[PDB]
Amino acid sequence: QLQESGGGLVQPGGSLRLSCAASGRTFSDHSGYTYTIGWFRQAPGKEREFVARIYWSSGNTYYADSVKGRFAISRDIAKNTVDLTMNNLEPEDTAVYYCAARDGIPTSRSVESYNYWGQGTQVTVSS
């Protein structure tokens, strides 16, 4: 259902754009009120952490404190994709970035709140 694109190597202080495409069922075709799409990251030997969230319906967002003001989560209704623009990158931003979705409105930003996941994409921030 979910597929992440973009990613790879970037210089510290640099920018990168990640994309999450919904394959199979479109984000517009929900049984509930909307699809809730989240971006997560897992640094080697560290627990999976929340990055940003967007509702497909409203486009309303929530960011982790360390990404607020530098990262931007957006939705492309026409291309049925959820993009994550990451600016002011730093070596500890290196992790595998995952896209997650839920057909409904989660009452938590926990990794446990999402059932459907993309395969993930490596983002490496180095000289």
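For every residue, the number given is its place in the sequence shown, counted from 1.
Student: Look over 61 to 69 and 85 to 93 in the entry and identify the one with the greater average Cα temperature factor.
Tutor: Between 85 to 93 and 61 to 69, it is 85 to 93 that shows the higher mean C-alpha B-factor.
Student: Between 5 to 13 and 113 to 121, point out the one with the higher average CA B-factor as the PDB entry records it.
Tutor: Comparing 5 to 13 with 113 to 121, the higher mean C-alpha B-factor belongs to 5 to 13.
Student: Given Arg102, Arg41, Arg53, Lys79, identify the residue with the highest C-alpha B factor in the PDB entry.
Tutor: The record points to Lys79.
Student: How does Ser23 rank on Cα B-factor within its chain, lowest, middle or highest third?
Tutor: Highest third.
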